[PDB]
Amino acid sequence: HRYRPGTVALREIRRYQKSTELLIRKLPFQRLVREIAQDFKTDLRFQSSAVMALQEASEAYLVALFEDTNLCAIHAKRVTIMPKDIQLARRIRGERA
Amino acid sequence: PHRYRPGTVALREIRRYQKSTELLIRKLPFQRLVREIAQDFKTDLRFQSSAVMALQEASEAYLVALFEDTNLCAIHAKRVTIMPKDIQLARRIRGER
Amino acid sequence: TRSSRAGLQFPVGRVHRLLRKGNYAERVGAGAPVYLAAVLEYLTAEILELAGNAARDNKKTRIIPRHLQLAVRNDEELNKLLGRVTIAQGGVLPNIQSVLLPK
Amino acid sequence: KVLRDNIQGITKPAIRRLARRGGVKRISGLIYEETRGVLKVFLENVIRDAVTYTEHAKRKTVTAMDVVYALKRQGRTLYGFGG
Amino acid sequence: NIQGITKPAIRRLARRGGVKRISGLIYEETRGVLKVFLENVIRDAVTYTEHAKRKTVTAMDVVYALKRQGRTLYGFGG
Amino acid sequence: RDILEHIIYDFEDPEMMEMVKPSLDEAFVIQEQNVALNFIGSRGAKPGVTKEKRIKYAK
Amino acid sequence: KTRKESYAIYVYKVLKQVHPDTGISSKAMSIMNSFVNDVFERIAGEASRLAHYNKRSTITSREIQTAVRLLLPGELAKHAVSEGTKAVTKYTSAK
Amino acid sequence: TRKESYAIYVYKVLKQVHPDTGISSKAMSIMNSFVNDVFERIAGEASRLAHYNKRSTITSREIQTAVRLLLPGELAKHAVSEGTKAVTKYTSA
DNA sequence: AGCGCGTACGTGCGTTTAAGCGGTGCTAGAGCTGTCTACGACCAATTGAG
DNA sequence: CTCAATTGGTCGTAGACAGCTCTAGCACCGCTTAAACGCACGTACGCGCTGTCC
């Protein structure tokens, strides 16, 4: 049969809040990191542990941002989070000016 | 007779107070409140008038910032202004309790 | 030994050393490191207790970062102390908002 | 002298003025109560910290300095009073 | 590179974040915000690395950068 | 039971009872007359925007 | 070779005092070491600033006390104050 | 009672910047607070940098990297140019 | 989300309050200064915990 | 396996700490009137939806 759209979503939320491993693929993140750092300094090296620490901080930051954004959407009474939600979120956090 | 339409005066007021910088709370009420709260922590504390005024400046600027965030929460579906749900939201986005 | 003299597990000596080397002040009175070590052992006890209880809840022979994150975020006071802290491999608490669940 | 109900010294028009500087056009009659609440919690925190500093000073007077230190410890650094 | 943060990866994260329904526009927004984030963090970390005269960015450099940013991370040494 | 009293003049017949049951299962979401009229008014060939006009049309 | 020091052993001892059953993973042990260092930092920093606010040279147990009372939540601070007073009285009961 | 304040220094600055413009007492106060604040932030960051490098002799380099950390990038760039220029002059003196 | 519904809270006004001024009294403890030594830093010699 | 923790001791001074005052923060009256209250009023924007779009 067909699962009514949105019924697997909650299941996935339940899984991914149960799970705790990192959710971005390790090498692609690492390469994005090396790229960004190259812009600041050439011939840089990273400890693997340092890259994993960056990924941890980045993911946990993003998770908290998504949480806040979701709350904004709910305040919009929207199930669907939107860029305007992220903007409002960060704005209230005072990240973006 | 004469009557400004709704919010005409309110806008004029906002313009006014954003032009000015005085304390918006009446001082002596605030001072009494501070004394009351402190009494809950410790009896027989003397407050430098300057220390009071400092607490007042902080409280006012903090609440004004909070109102700013709250009014930013108004934004969706061209909804207008602020309700306690908005306050609660903004505070939680800040991570305040 | 001094932690002996105080009944502490945490190293009063090394806490005194770190307070001296950390330039926190010109001088560090001998009572200060004892007190701080005791506080650092009441803390840590608090959380390791909660994490071991969570490990029992999660039926585990070892505390893993999941259990620390669970303990920290379930205890409202530790979550106040650590609200600006993130923990490796901790994940997050179960959080689904009422309008997302079906009626 | 016991102090009570001075929370009501935050008069509705006061909260209105604040909402005006805050750019609020129209204010729910509910906000005024919640606003008193939030203010109370905030004052509680700042006062608790300033009191704790006075206690460490063994001083019986809360000074402006102690409030400034409390606010900086709160991460809300206040200029204009010293510190 | 940036697109290496795949749509499924962002979905997975937002699901961990409890997001039920996602506008596709969220993916590029997430990439932009994550880029800004990394930018700041790495800039601080390299600035420690530069001060240490190192070429290797260490885990401690990242920790100290996050500690500055108000993002204190436990797991790699304090 | 006020309905069916119009449709099954003796409840002693199980067969019509068990035959009509599935039409009740099509309607048990509605009990009061007013939501029923909202239902009918919303099926009107010229349904009014406001609920009240839909009721009045269906009435 | 690099003899990097840590609170590991004391964390294990305290775990076995709260839970003789179970152990702690090296990852969670690293997180505990981090947490220890962070709290030590925050408290010593607070006490440092308290001293400067009083122009006092000496971070006493009392500086640590008031720092704990500022930093930790009221209940957690309360119990920490109990524990520190107990520990200081015990130490001063020995020499 | 011998309360140190940056009042005179800030005056001198302003006389560079707008000698026709006075600073109010309270404005001066605020500037004093700001100056002390940024002093403490920079010096504390330099201290932590020194710790991380096991260096007990905060040099101009520690201040430089601290400033690069604290100030936003353009303000930081200008502050660096000013600091290095001043250190250059002092070195030549 | 257009448009209907509707009563919330804006503009007004008239009355009541007490905030503010400020004038005046009082006092206590903030802060100063002076005396002492408890104390933490330094040290050499010692030990075993990590 | 070893060097960080440890001790008894001296030094000398930080700060205990006790006195001393007079700063300024306590109460207090009391007159003025800005602001608070409260009431009327109404209209506009907080509630609603099913139109409709993917």
# chains A, B, ... in the order shown; residues from 1 in each chain; ligands from 1
call {"tool": "interface_residues", "arguments": {"of": "chain D", "to": "chain I", "cutoff": "9 Å", "atoms": "only C-alpha atoms (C1' of nucleotides)", "output": "ChimeraX atom specification"}}
result
/D:26-29,59-61
call {"tool": "interface_residues", "arguments": {"of": "chain C", "to": "chain I", "cutoff": "9 Å", "atoms": "only C-alpha atoms (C1' of nucleotides)", "output": "number ranges by chain"}}
result
C: 27-30
call {"tool": "write_last_selection", "arguments": {"atoms": "N, CA and C atoms", "output": "PDB file, in the first residue's frame"}}
result
ATOM      1  N   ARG C  27      48.248  34.520  44.909  1.00  0.00           N
ATOM      2  CA  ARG C  27      48.347  33.420  45.855  1.00  0.00           C
ATOM      3  C   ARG C  27      47.024  32.678  45.946  1.00  0.00           C
ATOM      4  N   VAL C  28      47.118  31.391  46.264  1.00  0.00           N
ATOM      5  CA  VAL C  28      45.971  30.496  46.348  1.00  0.00           C
ATOM      6  C   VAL C  28      46.020  29.827  47.711  1.00  0.00           C
ATOM      7  N   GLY C  29      45.123  30.237  48.606  1.00  0.00           N
ATOM      8  CA  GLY C  29      45.168  29.730  49.962  1.00  0.00           C
ATOM      9  C   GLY C  29      44.923  28.235  50.016  1.00  0.00           C
ATOM     10  N   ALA C  30      45.605  27.581  50.958  1.00  0.00           N
ATOM     11  CA  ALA C  30      45.599  26.125  51.008  1.00  0.00           C
ATOM     12  C   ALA C  30      44.203  25.549  51.184  1.00  0.00           C
TER      13      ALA C  30
END
call {"tool": "residues_around", "arguments": {"residues": "residue 47 (chain F)", "least_positions_apart": "4", "cutoff": "12 Å", "atoms": "only C-alpha atoms (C1' of nucleotides)", "output": "PyMOL selection string"}}
result
(chain F and resi 37-43+51-58) or (chain J and resi 50-51)
call {"tool": "closest_residue", "arguments": {"among": "C:7, C:52, C:33, C:90", "to": "chain A", "atoms": "only C-alpha atoms"}}
result
C:90
call {"tool": "interface_residues", "arguments": {"of": "chain J", "to": "chain B", "cutoff": "12 Å", "atoms": "only C-alpha atoms (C1' of nucleotides)", "output": "list in words"}}
result
residues 23, 24, 25, 26, 34, 35, 36, 42, 43, 44, 45, 46 and 47 of chain J
call {"tool": "residues_around", "arguments": {"residues": "residue 9 (chain J)", "least_positions_apart": "4", "cutoff": "12 Å", "atoms": "only C-alpha atoms (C1' of nucleotides)", "output": "PyMOL selection string"}}
result
chain I and resi 42-45
call {"tool": "residues_around", "arguments": {"residues": "region 29-45 of chain H", "least_positions_apart": "6", "cutoff": "8 Å", "atoms": "only C-alpha atoms (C1' of nucleotides)", "output": "number ranges by chain"}}
result
D: 79-83; H: 5-7, 10, 63, 66-67, 70
call {"tool": "residues_around", "arguments": {"residues": "residue 52 (chain A)", "least_positions_apart": "6", "cutoff": "9 Å", "atoms": "only C-alpha atoms (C1' of nucleotides)", "output": "ChimeraX atom specification"}}
result
/A:26,30 /E:59
call {"tool": "write_last_selection", "arguments": {"atoms": "N, CA and C atoms", "output": "PDB file, in the first residue's frame"}}
result
ATOM      1  N   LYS A  26      31.680  11.622   5.962  1.00  0.00           N
ATOM      2  CA  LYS A  26      32.877  12.160   6.594  1.00  0.00           C
ATOM      3  C   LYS A  26      33.787  12.846   5.583  1.00  0.00           C
ATOM      4  N   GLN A  30      34.979  16.732   5.273  1.00  0.00           N
ATOM      5  CA  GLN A  30      36.408  16.994   5.385  1.00  0.00           C
ATOM      6  C   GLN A  30      36.921  17.828   4.223  1.00  0.00           C
TER       7      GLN A  30
ATOM      8  N   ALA E  59      43.040  19.299  17.040  1.00  0.00           N
ATOM      9  CA  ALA E  59      41.748  19.240  17.712  1.00  0.00           C
ATOM     10  C   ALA E  59      41.625  20.319  18.776  1.00  0.00           C
TER      11      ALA E  59
END
call {"tool": "interface_residues", "arguments": {"of": "chain B", "to": "chain C", "cutoff": "10 Å", "atoms": "only C-alpha atoms", "output": "PyMOL selection string"}}
result
chain B and resi 95-97
call {"tool": "select_by_dssp", "arguments": {"residues": "region 1-75 of chain C", "states": "helix (DSSP H, G or I)", "output": "count of residues only"}}
result
52
call {"tool": "residues_around", "arguments": {"residues": "region 2-15 of chain D", "least_positions_apart": "4", "cutoff": "6 Å", "atoms": "only C-alpha atoms (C1' of nucleotides)", "output": "PyMOL selection string"}}
result
chain B and resi 25+29+33+36
call {"tool": "write_last_selection", "arguments": {"atoms": "N, CA and C atoms", "output": "short mmCIF file (atom, residue, chain, number, x, y, z; two decimals), in the first residue's frame"}}
result
data_model
loop_
_atom_site.label_atom_id
_atom_site.label_comp_id
_atom_site.auth_asym_id
_atom_site.auth_seq_id
_atom_site.Cartn_x
_atom_site.Cartn_y
_atom_site.Cartn_z
N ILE B 25 10.36 53.20 32.58
CA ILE B 25 9.71 52.84 33.83
C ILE B 25 9.84 53.99 34.81
N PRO B 29 8.64 53.24 41.78
CA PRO B 29 8.12 51.86 41.65
C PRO B 29 9.19 50.81 41.42
N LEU B 33 10.27 47.67 43.86
CA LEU B 33 10.29 46.29 43.38
C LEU B 33 11.64 45.61 43.64
N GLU B 36 12.04 44.76 47.18
CA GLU B 36 11.24 43.59 47.50
C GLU B 36 11.94 42.30 47.11
#
call {"tool": "atom_distance", "arguments": {"atom1": "CA of residue 19 (chain D)", "atom2": "CA of residue 88 (chain A)"}}
result
19.3 Å
